Every structure is written in C-alpha cells, then in structure tokens.
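>>> Please find the sequence and an experimentally derived structure below.
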Amino acid sequence: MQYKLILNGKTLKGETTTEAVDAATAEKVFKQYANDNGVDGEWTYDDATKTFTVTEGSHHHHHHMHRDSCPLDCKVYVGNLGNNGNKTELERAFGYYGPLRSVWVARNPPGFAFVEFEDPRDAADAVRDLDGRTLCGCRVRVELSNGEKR
C-alpha cells in the first residue's frame with residue numbers, strides 16, 4: 001500500500017490506491033480514475049511514500065489560483081463609494097454573486113468597505129462585473145476574494 005490516490009472531490013472523499021512499475025503509469029491512470037469521478041483537485045503528489053492527493057475542496061471551501069498563488073486577494077474590498085457608501089447596498093450587490101459571511105464599511109474614508117465571501121471565483125466575477133464601473137451612485141473601485149499568501 002503506497003501509490004495512494006486520496007480522493008477529496010465533489011463526487012468522492014476516501015482514496016483508492018494501486019501499485020505500478022514507476023509511480024507515473026500510476027499517475028497517468030489515477031488521473032483517469034479521478035477524471036471519471038469528476039476531479040482534478042490540487043493534483044498533489046508525494047515521492048517519499050509515492051502517495052497522491054486530489055483535494056478539489058481547494059476550489060470551493062479553501063482556495064487557490066494559477067496567476068500568483070492567492071485566490072485573488074485577501075478578502076472582499078470596496079472603495080470610491082463617496083456619495084453613498086453603506087453596508088446594505090453592498091450586502092445585496094454582492095448578495096447576487098454569492099452569500100456574505102461578513103460585511104463592514106467606513107463613513108470616513110467617504111465610501112470604503114470590506115466583506116467576506118468564502119468562494120474565490122464568484123468573487124473574481126464581482127471583480128469582472130462590479131469593479132471598473134459605478135455602484136449605487138459613485139465612480140467605484142472593487143477587489144475580491146478571501147486570501148491567502150501575501
């Protein structure tokens with residue numbers, strides 16, 4: 001017991017194992033075992049035991065990207081709301097793209113906020129669709145995710 005594909009995906013969470021001639025004829029088939037389940041995870045691997053792992057939870061309830069190494073940036077952030085900036089308008093402007101675990105905004109600076117989604121990708125969609133524009137009655141700027149490495 002060695003060449004050990006820990007599944008932790010949408011579908012199945014509970015490993016499977018095999019053994020092979022090189023531990024790469026193992027990968028190249030673990031690849032398809034997990035792609036049949038519906039996973040591409042982290043694709044992590046270990047060489048000291050020749051174990052593997054696919055933790056797709058790292059794209060759902062923890063986070064990553066392939067741009068730097070954070071999801072996007074450290075939290076949800078808003079500013080330039082200087083004509084209006086309040087919690088309610090942002091609670092529900094972000095509420096559309098996903099639910100909020102946390103929310104807050106300053107009256108001074110004139111219209112600056114911060115919030116918490118967990119998801120990094122509906123957060124990147126609020127950068128796609130709520131940054132660069134106008135929210136409520138302003139000339140916005142906006143930045144979102146939840147983490148992680150800066």
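Great, that's in hand. Numbers count the residues shown, from 1 in each chain.

>>> Check whether the residue with the largest distance to the centre of the chain sits in a helix, strand or coil.
Note on the chain: the largest C-alpha distance from the chain mean falls to residue 21, namely 35.8 Å (CA atoms, centre = their mean). Classification of residue 21 by DSSP: H, G, I helix; E, B strand; the rest coil places it in coil.

>>> Contacts only, for it.
Applying CB atoms under 8 Å, 6 or more residues apart in numbering to residue 21 gives no contacts. Where you see a C-beta, it was placed from the backbone N, CA and C, and this is true even at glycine.

>>> Any figure for the gap between it and residue 28?
Residue 21 sits 11 Å away from residue 28, going by CB to CB, to the nearest Å.

>>> same deal with residue 16?
Distance from residue 16 to residue 28, by CB to CB: 15 Å.

>>> more crowded one of the two?
Comparing residue 16 with residue 28 by neighbour count (other CB atoms under 10 Å), the higher total belongs to residue 16, at 15 against 10.

>>> Tell me who's in contact with the residue lying closest to the more buried one once chain neighbours are set aside.
Leaving aside its chain neighbours, residue 16 sits nearest to residue 5 (5.1 Å; criterion: CB to CB, 6 or more residues apart in numbering). The neighbours of residue 5, taking CB under 8 Å, 6+ apart as the test, are 15, 16, 17, 18, 30, 33, 34, 52, 53, 54.

>>> Swap in 6 Å and give it another go.
Residues in contact with residue 5 (CB atoms under 6 Å, 6 or more residues apart in numbering) are 16, 30, 52.
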